[PDB]
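Visitor: Encoded as structure tokens, here's the structure I'll be asking about.
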Amino acid sequence: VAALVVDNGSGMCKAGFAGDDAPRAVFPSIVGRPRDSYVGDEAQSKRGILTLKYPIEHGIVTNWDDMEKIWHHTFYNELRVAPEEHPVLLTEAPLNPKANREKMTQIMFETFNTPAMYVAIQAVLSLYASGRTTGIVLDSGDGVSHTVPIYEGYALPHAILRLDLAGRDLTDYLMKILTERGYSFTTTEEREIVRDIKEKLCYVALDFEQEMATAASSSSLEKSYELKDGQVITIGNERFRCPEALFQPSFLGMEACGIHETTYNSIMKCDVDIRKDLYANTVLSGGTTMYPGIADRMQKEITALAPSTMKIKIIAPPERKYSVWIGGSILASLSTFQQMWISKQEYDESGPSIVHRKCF
Ligand SMILES: Nc1ncnc2c1ncn2[C@@H]1O[C@H](COP(=O)(O)OP(=O)(O)OP(=O)(O)O)[C@@H](O)[C@H]1O
Ligand SMILES: [Ca+2]
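Using our numbering, read the sequence shown as starting at 38 and increasing by one per residue.
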């Protein structure tokens, strides 16, 4: 009899049990409404008559009635369990407003009746999941990208940087640039493909101009995508121009620093004496860091921004895509964290605003 690990993100919900090694339920973060309640895998397939809402916008929860239902679906239909038997580890976005974790507790203890619960910070977790308690996580999902300096399991609120460049925009950026090539992707079923192509084929060029150079001069970097109907689509320098946006947001007419500088900028915002620790412990997580090349490119780029002498180390746990979860599975499982929850009876005594003093 162990705990529960529910990680909620802008596009996917990752659910399972503390003391496992991998989520058991994984399903998009979508609630479907007929212009009578559909969540999960189910929800996607029905779209044509329904309306789809995503209640997690940019890592933060904006609809609470839809959020409640994703969790109704998670416990009952996906995990087949019932909450008032289990303690729940719930995850939160770096710099989640005070109010939102409060409101989160309410739902759990009140609607769901958890005997115990918790909210931890996603970044923080993935940092654990590799085995460290100091560092800076580049976490970057379907909707939002954070750089998060962590010191002794304590994220540093002054040093966090959020950038809303992430999966969905890359998906959108591949569409845009494949469409400039002639192709067309109207429908959302076609869109589901560009999503696949991005994940199947894209990578991160080491040297962006040389690469663009190479692909104008020959076709050595081309790959074909055979569409489920039979038609094969040639994809070329699109393959690395999509994830290039991460390093240069301009591609998307954004005036933002790329994930590299953003990470430099976050390291730089900290007390000087910790930086070398962070520099050398920089963890990728989120599924938008899955592109091959990323590590090196990031190694190359921070090294051009960092002290000439300095030692860098980008860590890319092969697993990273579902690391946030995992990281908490570890935690909720740890016999030494067993007596750190907020309990049903503890809530009753203090209301939601206790979720702060006990969740630092
Ligand atoms: N192998 C891959 N290569 C590149 N991108 C990928 C890969 N696998 C998944 N992605 C992208 O990762 C995204 C999902 O990542 P993650 O699971 O961190 O999302 P999330 O937690 O829903 O997002 P957020 O942190 O933005 O709330 C999707 O945009 C998907 O297209
Ligand atoms: Ca996420």
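Ideal Cβ placement from N, Cα and C applies to all residues, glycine included.
Measuring only from the beta carbon, is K90 closer than 7 angstroms to any heavy atom that is part of ligand 1?
Guide: no
Visitor: Kindly indicate which residue of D310, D206 and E227 has the alpha-carbon position closest to the one of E281.
Guide: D206
Visitor: Is DSSP giving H110 helix, strand or coil here?
Guide: Assignment of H110 by DSSP, reduced to helix, strand and coil, places it in the helix class.
Visitor: Does any heavy atom of ligand 2 sit closer than 7 angstroms to the C-beta of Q159?
Guide: yes
Visitor: Give me the Cα-Cα distance between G295 and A52, rounded to the nearest whole angstrom.
Guide: 31 angstroms
Visitor: Which residues bound the alpha helix (DSSP H) around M49?
Guide: No alpha helix (DSSP H) contains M49, which is instead part of the beta strand (DSSP E) from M49 to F54.
Visitor: Using DSSP with H/G/I as helix, E/B as strand and the rest coil, what is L289?
Guide: helix
Visitor: For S261, which residues of its own chain have a beta-carbon under 8 angstroms away from its beta-carbon, when the five flanking residues on both sides are left out?
Guide: Excluding positions up to five away in sequence, the list reads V269, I270, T271 and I272.
Visitor: May I ask whether a heavy atom of ligand 1 can be found less than 7 angstroms away from the beta carbon of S66?
Guide: Yes.
Visitor: Going along the chain, which residues of its own chain have a beta-carbon closer than 8 angstroms to the beta-carbon of residue 427, five neighbours each way excluded?
Guide: The requested residue 427 does not occur in the structure, where the chain is confined to residues 38 to 397.
Visitor: Excluding the five sequence neighbours on either side, which residues of its own chain have a C-beta within less than 6 angstroms of the C-beta of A192, listed in chain order?
Guide: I158, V161 and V185
Visitor: With a CB to CB cut of under 6 angstroms and the five nearest residues on each side skipped, what residues in its chain are close to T151?
Guide: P120, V125 and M145
Visitor: Check each candidate in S167, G172, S257 and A130 and name the one with the smallest Cα separation from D179.
Guide: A130
Visitor: Please look up how many angstroms separate the CB atoms of residue 398 and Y210, rounded, as I've assumed it's under 8 angstroms.
Guide: Because the chain is modelled from 38 through 397, residue 398 falls outside the range shown and cannot be assessed.
Visitor: For ligand 2, I want to know if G267 counts as a neighbour, meaning its beta carbon is within less than 7 angstroms of at least one of the ligand's heavy atoms.
Guide: no
Visitor: Let's see if you can read the secondary structure: which residues bound the alpha helix (DSSP H) around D333?
Guide: That run of the alpha helix (DSSP H) goes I331 to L342.
Visitor: Does the beta-carbon of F397 have 16 or more other beta-carbons within 10 angstroms, so that it is buried, or is it exposed?
Guide: In the assembly as shown, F397 is an exposed residue. Its beta-carbon has fewer than 16 other beta-carbons within 10 Å.
Visitor: Mind checking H195: buried by the 16 CB within 10 Å criterion, or exposed?
Guide: Exposed.
Visitor: Please say whether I363 and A39 have beta carbons closer to each other than 8 angstroms?
Guide: no
Visitor: Taking a cut-off of 5 angstroms, which residues have a beta-carbon closer than that to any heavy atom of ligand 2, in chain order?
Guide: The filter returns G46 and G178, in chain order.
Visitor: What do you reckon, are the CB atoms on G56 and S370 nearer than 8 angstroms?
Guide: yes
Visitor: Within a Cβ cutoff of 8 angstroms, which residues of the same chain sit near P134, ignoring the five residues on either side of it in sequence?
Guide: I97
Visitor: So who's on the other strand from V185, going by DSSP bridges?
Guide: BP columns for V185 point to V174.
Visitor: Three-state secondary structure (DSSP) at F284?
Guide: coil
Visitor: Helix, strand or coil: which one does DSSP assign to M104?
Guide: helix
Visitor: DSSP on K83, reduced to helix/strand/coil?
Guide: helix
Visitor: At the level of alpha carbons, what is the spacing between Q247 and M212?
Guide: Counting only the Cα atoms, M212 lies some 24 angstroms from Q247.
Visitor: In angstroms with no decimal places, state the Cα-to-Cα distance between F374 and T225.
Guide: 44 angstroms
Visitor: Is DSSP giving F146 helix, strand or coil here?
Guide: helix
Visitor: Report the rounded CA-to-CA distance for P354 versus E217, giving the unit in angstroms.
Guide: When rounded, the distance between both Cα atoms is 35 angstroms.
Visitor: Three-state secondary structure (DSSP) at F397?
Guide: coil
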